Amino acid sequence: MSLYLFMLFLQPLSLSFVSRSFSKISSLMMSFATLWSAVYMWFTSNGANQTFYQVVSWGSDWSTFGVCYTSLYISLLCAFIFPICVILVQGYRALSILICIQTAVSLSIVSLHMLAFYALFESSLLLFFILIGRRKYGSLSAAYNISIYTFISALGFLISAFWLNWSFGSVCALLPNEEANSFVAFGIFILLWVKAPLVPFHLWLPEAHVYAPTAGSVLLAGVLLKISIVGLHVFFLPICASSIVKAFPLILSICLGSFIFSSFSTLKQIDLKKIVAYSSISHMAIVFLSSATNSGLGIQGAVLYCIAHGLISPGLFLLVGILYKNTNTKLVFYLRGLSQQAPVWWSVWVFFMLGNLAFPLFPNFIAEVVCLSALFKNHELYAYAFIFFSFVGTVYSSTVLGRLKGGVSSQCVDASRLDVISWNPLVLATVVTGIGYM
Amino acid sequence: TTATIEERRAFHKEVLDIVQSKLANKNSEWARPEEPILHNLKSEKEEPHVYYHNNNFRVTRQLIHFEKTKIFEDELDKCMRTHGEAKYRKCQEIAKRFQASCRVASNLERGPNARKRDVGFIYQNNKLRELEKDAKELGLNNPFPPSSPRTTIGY
Amino acid sequence: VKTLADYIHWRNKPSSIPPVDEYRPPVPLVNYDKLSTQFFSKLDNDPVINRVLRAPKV
Amino acid sequence: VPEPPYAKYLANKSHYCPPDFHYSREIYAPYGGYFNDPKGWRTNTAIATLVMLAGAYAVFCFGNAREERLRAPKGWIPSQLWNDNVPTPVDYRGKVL
Amino acid sequence: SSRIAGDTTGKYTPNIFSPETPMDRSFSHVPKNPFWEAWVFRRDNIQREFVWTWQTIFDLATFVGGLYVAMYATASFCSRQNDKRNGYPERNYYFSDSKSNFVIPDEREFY
Amino acid sequence: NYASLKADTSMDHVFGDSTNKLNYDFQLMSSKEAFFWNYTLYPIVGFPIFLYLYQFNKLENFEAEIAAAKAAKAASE
Amino acid sequence: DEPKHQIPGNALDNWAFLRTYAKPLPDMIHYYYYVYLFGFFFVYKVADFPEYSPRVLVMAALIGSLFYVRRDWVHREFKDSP
Amino acid sequence: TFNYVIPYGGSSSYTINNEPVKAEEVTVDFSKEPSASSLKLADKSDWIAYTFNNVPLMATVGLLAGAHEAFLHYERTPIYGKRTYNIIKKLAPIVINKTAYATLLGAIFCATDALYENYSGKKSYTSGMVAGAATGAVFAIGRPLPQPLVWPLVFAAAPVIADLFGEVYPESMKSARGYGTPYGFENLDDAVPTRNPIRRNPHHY
Amino acid sequence: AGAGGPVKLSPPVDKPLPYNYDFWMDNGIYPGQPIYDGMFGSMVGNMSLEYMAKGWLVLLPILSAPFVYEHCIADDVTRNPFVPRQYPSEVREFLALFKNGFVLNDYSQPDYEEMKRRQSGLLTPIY
Amino acid sequence: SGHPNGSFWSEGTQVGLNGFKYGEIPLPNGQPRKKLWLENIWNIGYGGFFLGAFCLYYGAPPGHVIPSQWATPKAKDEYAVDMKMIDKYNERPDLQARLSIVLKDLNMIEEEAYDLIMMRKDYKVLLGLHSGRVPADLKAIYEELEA
Ligand SMILES: CCCCCCCCCCCCCCCCCC(=O)OC[C@H](COP(=O)([O-])OCC(O)COP(=O)([O-])OC[C@@H](COC(=O)CCCCCCCCCCCCCCCCC)OC(=O)CCCCCCCCCCCCCCCCC)OC(=O)CCCCCCCCCCCCCCCCC
Ligand SMILES: CCCCCCCCCCCCCCCCCC(=O)OC[C@H](COP(=O)([O-])OCC(O)COP(=O)([O-])OC[C@@H](COC(=O)CCCCCCCCCCCCCCCCC)OC(=O)CCCCCCCCCCCCCCCCC)OC(=O)CCCCCCCCCCCCCCCCC
Ligand SMILES: CCCCCCCCCCCCCCCCCCCC(=O)O[C@H](COC(=O)CCCCCCCCCCCCCC)COP(=O)(O)OCCN
Ligand SMILES: CCCCCCCCCCCCCCCCCCCC(=O)O[C@H](COC(=O)CCCCCCCCCCCCCC)COP(=O)(O)OCCN
Ligand SMILES: CCCCCCCCCCCCCCCCCCCC(=O)O[C@H](COC(=O)CCCCCCCCCCCCCC)COP(=O)(O)OCCN
Ligand SMILES: CCCCCCCCCCCCCCCCCCCC(=O)O[C@H](COC(=O)CCCCCCCCCCCCCC)COP(=O)(O)OCCN
């Protein structure tokens, strides 16, 4: 734990002292060192400590950090996926912004103080405004959307944290507190409602992903959406369980509506990135509902599905980025003959799309099975609703694949050595998780 | 049942003593307790030490239940595979025990919103028995099937 | 009475009007394309059809 | 159009390729090209067959260790020659063999 | 008219002054279409042609509100059935007006 | 720059001209028709919901009738 | 050339509409003096007002927001006529 | 719980109750109780009386808006040039009409609120929603298409917002103290106060 | 020749595109097709939906006539000239348990009423 | 048509590269391609991750990484006790009558008899007996069946 936190603080620090020409090499080595430190944290985490594997405090309640099941999986996912983002990004400015965003996100996951959690997650607010609104390839609209949505949700969460700190006297997760207040529950909930895109607060995500760089999109879908599940498991369910049980019919309505409307909206998309973004929104609904059931099957299923998404969505966003670099287009209508012209890109694309559809040899299948079982534990109709509407994902994915698969094309647009190197870890991880090493 | 503040503070002091006794000798199995800390608190959250210890005991128990269920399933599958076509008569008991284990594991910590897992349709069969008894004694006509001897391989 | 309602830009009329002339994709030509909406018709037992199809010795 | 310099490195059209059919020879596919027939195929196929037999041996070992027969066969089964965990056959009447 | 930009040996240099066009990553870009580009622009900027008409209100209310109402009604029914199944007293839900305070079942208690 | 908008007429003799165009107006179903088909198809999709509602109603009605009769028998006696 | 948003209206008509804002501009001191004076007297009077229900207060705030006219709106439409 | 095996949160016994214990030995309250005026105005028993008590607020807001607009018109008019028309004749309709419309809308809102509460017999959110909806319907009598839907919604929402954050919020969070021991958890060993903190004297302005 | 056959290339778009052009599937070969055949454009055989419905209306009664008789008009006693297969008591009791069994229709049995109520079982799980 | 020399088992007719893998052109003299800057770092870091994950999953003692592995021996012991106890329960009809009484007070059906036997050492039963919710008869019944 201490090694992981130290490496996390060293990665932004290293950039200040690098030669400005060695920046990319140093950043890659630091990312790998952070991954190795995360593996060490996993090694030093004994299952015998059932509640929290490790807790460290550095002199205050704010500096209380600790790892649990959700935290451990998300932290390992962030450390696994960061090297890919690093190699995909060029320039000191871009590296600095990305490394600061990563440090803030990775510190947020392990934080056990609500106020510290807020301080670390929302520090990366201007950096995303600047990243999504970059000079030539960025959109100011998307930056404004994401920034305003984040500020409003996090401010509500902050108000709830202030009330809990005033009333109980502490806001640390390790101190058992329960609250029946509905205003405070709503304040904590609104952050989760926005961060994990749920209809009608999902509009910020697609704009940000489309106008973000591939490293940014990969980080966003891979781990930024997951930060909601850490807040739910660590900062919402322990204190506001009563309000989740009181509002379960409403929670279920909003989650199922998000899943349905997002699936239908994905059908009208002509941009590959927008298709992947709306697929993520649809997938987040099952995770949110499963965790809200407050059952063992649901919490485990939600975390597992989150890992599966955090392994499948970065792959699709990476392949889309590679294709866009080769062709300078994201319109499905312009891209044809990709099967014949890019047999190697096509194979990986088909594999990842099969993963997104929750086929058996993919992590998504196991995760979905567990989440559906949790819903069936609640009610049979709850499970049936989700299972039936899954066909809509098939229709859009099939239509996209069919449009891309065949036609006439005069351009050989296949992946280079660098592109295969970038996806190989993701492919291997997907396969390993698919075979049951979740 | 009412709890006076004097009794609550007394229990708090006793809990602190229990923590101090646990702290005196190192234990690698501290978070895998074999016995719960008995209490009459309205809310377990009041005493944090009791809450965490009892939660760890509950997790230990549930893990044990899950492994027991897996063992029961293995004996049922072996029994079914050995007997052949006599499986229905000879494997009724093993199946009954396996289904009981499944119910215990699932029902103990189902959650606030989860329904009871009716492995073996025992609850449905019971409900149908009550409905039949009432209809017959009151002279009503039951619109539901009568209770069944066996509804599953075991229960 | 002047009110916000007067100066709010209500979405009552389209800001952008789609171009009237629109692309129709090329399609193979079917010479006769009138849809048959009547399951039972005199056309099926027409005298012409009987002479052309039913009657000739095969 | 004057073929590019790299075209010397690329392979020719195979015997099975129809003469009219034109394909780009630069494209790489893991499953092979349009008509394949590489030189050295006979050796590659022999290596493949050897890897197949070795994997079959490993699979056979694994299966034999994990094949659990809990009910006696009605008559003699081929598994007896290779696996020793077969219960002694009992016939329909019930007589042991 | 074309030349190989990439050098495997590592002695890659961009001949910015070469008469012949380098076969760089830009060689494989797909040619855009004036009409397709305008279609893409129209599709993305479809908020401009949005108009509040009775048909639009009808369609929105009937499908979006209608689905939301159906989903709420189903969830409420399932909650009522589960409460009856579990044997728990009628739970105090948010919009339900119940003169009962029951919300979370007691784990110690036997229902 | 942009792709050529000029078509190829090499195969026009072999495979036919492109003069014939589609007759579709590229517009979707009417709002009135859509309301009927959504409110018809969606109930068909939710067949389990109606089965559960039916059985639950039957069970509750039977239970209430049983209670009523029980009360009646427990009053006189 | 790139696809661009269609601008409703003719160029000269829109420019003419924009030119109706080019009118003699009063100094803001005149408005401020009155607002300061009446605001001071209003604050003194507010202490004596009866306590109103929160619902009534919110409704009054809504009505005031709806009935407030922006200074630019009067400026554009002002005509020195009967 | 922070584990994947058991449900998070906890359960509290419904049978077992904890006897209330005073926050402090002596309680000094710096918060004054509602005035007799507040209760009189809040009384909705007689709709006409309720309406006439609460309209002064709407009339004042209408007068402020009309004075604002009238001043804006007056400021632009030139003193140096003689004007044929009478300025007061031009300006008086502005103020009068604004005040009348504001008073009418507030009267509709107060009347409908009181009448619904009397007929229903219960204080509820619906009374505010129906009063707002009726006011918004009167506001949008001749307005184009979107406004008839939007104004009844905005107006109905406003009493909902007022009820949630003006009445329900404070009563819901009355118990929380912030000093001594947490409201629910008095067993915990936290410093116990003899007297409550008095951060300010009761106001008098 | 399976491979290398001539194809006609679809003409490049030269007019403003309709908003719902995503309903057309064009790979670059000349005959493009709707996303779902028959959604618009030429219909196979020149047969409208109304024609198909009228056909199904003519056909449905003739097809349903055999099934309606036995299922509804006929009864267990009159459906067949024999009783269901007779089994020893131990076998019969077990076989009667199966809801989807064939021994539940034995009117001769004194447990017919119970068996018939078992066959018409619960629509959904009670718990 | 047919095979190239009329024999299926003849050398392939294609000499050269079927395609260019990754788009790289073979060096004329057979010079190896220069390795990319990231290849060594990428291979070391990711291989180290996967190898560490493998070693942790398999090398670690039972109950360190997978908690269920620790519970397996204990479950076997409780299974043995439960099996013996259930066998005793089936034989003695006096105990069955007492449990039928205990079950009713606990709002449990008769079929849940085996379930009660299997929850002898669980939060609900242990704390209910202490508090008074569970009838004290259960303790004696459990002792009669060797706990
Ligand atoms: C003891 C033994 C020695 C061992 C060493 C141990 C010492 C420990 C620490 C010492 C390390 C040196 C500290 C660095 C100081 C200068 C850093 C800097 O200028 O950043 C850019 C600078 C790059 O310089 P440059 O490329 O040459 O051009 C910059 C030009 O000057 C101007 O270029 P421009 O005009 O084009 O601006 C473009 C701008 C685009 O415009 C923007 O985006 C503006 C956005 C506003 C700020 C960003 C908001 C979000 C920032 C979040 C914080 C990041 C960490 C996240 C972790 C969460 C923490 C809660 O983009 C950027 O500048 C970079 C984007 C991301 C960097 C933002 C992070 C810097 C935050 C504040 C810097 C500190 C200045 C203090 C000033 C001191 C006296 C003046 O440095 C970096 O390499 C990246 C930032 C490194 C961050 C570490 C600094 C700590 C801040 C974290 C706060 C935690 C509290 C502090 C405690 C720290 C430990 C005790
Ligand atoms: C004879 C002298 C003439 C003066 C007459 C009286 C003299 C003053 C005597 C006493 C003055 C004290 C009290 C008067 C009000 C206090 C304001 C003040 O004095 O500041 C100095 C102010 C000038 O200061 P400035 O800094 O130079 O100008 C800044 C502006 O940018 C100015 O630039 P601008 O005008 O070009 O820009 C205006 C901008 C400025 O923005 C504001 O006005 C902000 C005010 C917002 C609310 C204010 C707080 C409300 C709390 C009231 C507290 C009491 C209730 C308690 C609980 C309520 C909870 C909220 O707002 C707008 O854009 C127009 C919209 C109007 C409000 C926007 C909110 C709309 C929400 C409604 C939703 C419905 C739409 C749905 C459909 C939409 C479709 C998507 O002088 C005045 O305006 C006084 C005129 C008196 C008319 C007020 C009308 C009603 C008064 C009470 C109602 C409370 C709401 C306030 C509404 C408007 C007030 C400005
Ligand atoms: C007691 C109080 C009673 C109630 C009174 C309410 C009165 C108003 C309350 C509204 C507060 C919401 C604040 C957001 C305002 C909408 C955003 C401003 C619109 C806008 O044009 O922003 C542009 C881009 O924003 C964007 O692109 C953002 C798009 C829209 C953001 C969505 C809002 C976040 C989600 C909303 C609610 C979520 C949960 C709510 C609990 C930037 O404009 P510019 O820089 O060019 O400036 C030039 C001047 N025109
Ligand atoms: C219309 C559908 C509702 C949309 C929400 C759908 C799903 C959201 C569920 C979130 C889960 C936990 C949140 C707890 C309650 C939030 C909404 C529950 C529904 C609700 O509004 O119930 C109200 C009570 O809640 C309250 O009193 C609080 C309402 C929320 C306050 C709104 C903004 C608060 C922001 C505060 C920021 C932080 C403050 C911290 C001090 C009134 O229901 P009722 O019980 O009176 O029944 C009387 C009816 N006959
Ligand atoms: C302006 C915005 C809105 C304007 C337009 C709204 C128009 C929509 C109105 C109808 C929408 C669907 C109907 C659902 C509500 C019907 C009436 C609600 C009252 C109600 O709860 O009755 C229950 C309806 O059955 C049920 O439990 C639900 C049956 C219908 C659900 C399945 C139908 C479609 C399935 C598609 C999937 C959606 C659900 C997926 C899980 C059965 O009465 P009760 O026994 O519960 O007694 C409870 C005491 N009233
Ligand atoms: C920020 C809250 C503002 C509401 C936003 C809703 C959307 C705005 C559209 C305007 C519509 C006007 C406002 C209606 C919202 C109230 C919900 C209607 C439910 C309802 O009618 O039940 C009432 C109680 O609900 C209630 O009145 C309490 C429910 C609290 C409202 C919902 C709280 C969470 C909503 C936040 C969602 C997302 C935030 C972004 C805006 C009746 O109750 P009763 O006691 O009268 O029983 C009857 C005995 N006569």
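Residues numbered from 1 in each chain as written, not as in the entry; some residues may be left out. Chains lettered and ligands numbered in written order. Part of a larger assembly, values for the part shown. Heavy atoms only, no water.

- For this deposited structure, the header cites cryo-EM as the method used and 2.97 Å as the resolution.

1. What to know about the overall build of chain H
Thought 1: Within chain H one finds 5 helices and 1 strand.
Thought 2: For chain H, the N- to C-terminal ordering of α and β elements is β-α-α-α-α-α.
Thought 3: A compact globule built from 205 residues should have a C-alpha radius of gyration of about 17 Å, whereas chain H, at 26 Å, is more than 25% larger.
Thought 4: Principal-axis analysis of the C-alpha atoms places the extent of chain H at approximately 85 × 45 × 40 Å.
Thought 5: Counted over contacts in chain H with a minimum sequence separation of 6, partners at least 24 positions apart contribute 57%.
Thought 6: With the model as given, the accessible surface of chain H reaches about 11200 Å², and the carbon-plus-sulfur share is 64%. (Helix = DSSP H or I, 4+ residues; strand = E, 2+ residues; numbered from the N terminus. Rg over C-alpha atoms; globule rule 2.2 N^0.38 Å. Contact = heavy atoms within 4.5 Å. Areas by Shrake-Rupley, 256 points an atom, 1.4 Å probe, with all protein chains shown as cover.)

2. Some details on the environment of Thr-34 of chain A
Residue and element names in this part refer to chain A.
Thought 1: For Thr-34, the location among the structural elements is in helix 2 (residues 23–43).
Thought 2: Taking the C-alpha atoms as reference points, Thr-34 and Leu-5, separated by 29 residues in sequence, lie 8.9 Å from one another.
Thought 3: Apart from the residues within four sequence positions on either side, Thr-34 is in contact with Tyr-4, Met-7, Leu-8, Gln-11 and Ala-79.

3. Considerations on the pattern of salt bridges
Thought 1: This model, assessed by the stated rule, comprises 59 salt bridges over all chains.
Thought 2: For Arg-143 of chain H, the salt bridge identified is with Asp-6 of chain C, shortest N-O distance 3.5 Å. In this pair, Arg-143 of chain H is assigned in the loop between helix 4 (125–139) and helix 5 (146–172) and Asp-6 of chain C in helix 1 (residues 4–7), connecting two distinct chains.
Thought 3: Salt bridges linked by common partners bring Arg-55 of chain G together with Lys-44, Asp-113, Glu-117, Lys-123, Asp-163 and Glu-167 of chain H together as one network. (Salt bridge = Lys/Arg side-chain N within 4 Å of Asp/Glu carboxyl O.)

4. Let's talk about the packing of aromatic side chains
Thought 1: Per the stated rule, a full pass over the model turns up 97 aromatic pairs over all chains.
Thought 2: For the ring pair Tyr-69 of chain A and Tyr-73 of chain A, a centre distance of 4.3 Å and an interplane angle of 55° mean the geometry is tilted. Pair noted here: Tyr-69 of chain A and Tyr-73 of chain A are both in helix 3 (residues 69–88), with a separation of 4 residues, about one helical turn.
Thought 3: Summarising the aromatic geometry, the rings of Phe-26 of chain F and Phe-40 of chain I are spaced 6.1 Å apart at their centres and angled 50° between planes, so their arrangement reads as tilted. Of the two residues, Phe-26 of chain F is situated in the loop between helix 1 (12–15) and helix 2 (31–45) and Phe-40 of chain I in the loop between strand 2 (33–34) and helix 1 (49–73); the pairing between them involves two chains. With respect to burial, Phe-26 of chain F and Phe-40 of chain I carry one shared label: buried.
Thought 4: Aromatic ring contacts, followed pair by pair, group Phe-261, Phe-264, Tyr-384, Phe-388, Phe-389 and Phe-391 of chain A, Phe-63 and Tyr-68 of chain E together with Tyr-42 and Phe-47 of chain F into a single cluster. (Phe/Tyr/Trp six-rings, centres within 6.5 Å; stacked < 30°, edge-to-face > 60°. Buried < 20%, exposed > 50% of the residue type's maximum accessible area, 1.4 Å probe, protein only.)

5. Topic: the interface of chain G and chain C
Note on interface size: it is often stated as the accessible area lost on association of the parts.
Thought 1: Across the boundary between the two partners, chain G contributes 9 residues, which contact 7 residues of chain C.
Thought 2: Here chain G and chain C share an interface that buries about 790 Å² over both sides, 65% of which is from carbon and sulfur atoms.
Thought 3: Taken together, the links from chain G to chain C amount to 1 salt bridge.
Thought 4: We note a salt bridge from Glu-77 of chain G to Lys-2 of chain C, for which the minimum N-O separation is 2.4 Å.
Thought 5: At the junction of chain G with chain C, the criterion picks out 4 residue pairs in polar contact.
Thought 6: With 3 residues, helix 3 (residues 54–67) of chain G is the largest single contributor of residues to the side of chain G that touches chain C.
Thought 7: Partitioning the side of chain G that touches chain C into residue classes produces 6 nonpolar, 2 polar and 1 charged. (Buried area = accessible area lost by both parts, 1.4 Å probe. Polar contact = N/O pair within 3.5 Å; in protein donor to acceptor, adjacent residues only side chain to side chain. Nonpolar A, V, L, I, M, F, W, Y, C, P; charged D, E, K, R; others polar.)

6. Focus on the site of ligand 6
Thought 1: Within the structure, ligand 6 sits among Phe-186 and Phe-201 of chain A, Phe-95 of chain E together with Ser-124, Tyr-125, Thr-126, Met-129, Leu-153, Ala-157, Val-160, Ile-161 and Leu-164 of chain H.
Thought 2: More than one chain reaches ligand 6: the nearby residues come from chains A, E and H.
Thought 3: At 3.2 Å, a backbone N or O of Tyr-125 of chain H approaches an oxygen atom of ligand 6.
Thought 4: At 2.8 Å, a side-chain N or O of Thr-126 of chain H approaches an oxygen atom of ligand 6.
Thought 5: Taken by itself ligand 6 offers 1000 Å² of open surface, and the protein chains cover 52% of this.
Thought 6: Among the elements of the structure, helix 4 and helix 5 of chain H are those that each provide at least two residues to the shell around ligand 6.
Thought 7: Residue composition of the shell around ligand 6, by class: 10 nonpolar, 2 polar and no charged. (Near = heavy atom within 4 Å.)

7. A word on the pairing of strand 1 (residues 54–57) of chain A
Residues and elements named next belong to chain A.
Thought 1: Burial along strand 1 is one-sided: the residues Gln-54 and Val-56 are buried and none of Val-55 and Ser-57 is.
Thought 2: Sheet topology note: the strand 1/strand 2 (residues 64–67) ladder contains 4 bridges and is antiparallel. Each bridged residue has a counterpart across the sheet, and for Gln-54 the counterpart in strand 2 is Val-67.
Thought 3: Here strand 1 folds back onto strand 2 in antiparallel fashion, the turn holding 6 residues, of which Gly-59 has a positive phi close to 115°. (Pairing = 2+ DSSP bridges.)

8. So, the arrangement of the chains
Thought 1: Of all 30 pairs of chains that touch, the greatest number of contacts is found between chains G and H.
Thought 2: Across all C-alpha pairs, the smallest distance from chain C to chain J is 37 Å, and the two are not in contact.
Thought 3: One finds no contact linking chain I with chain J; the least C-alpha distance across the pair is 13 Å.

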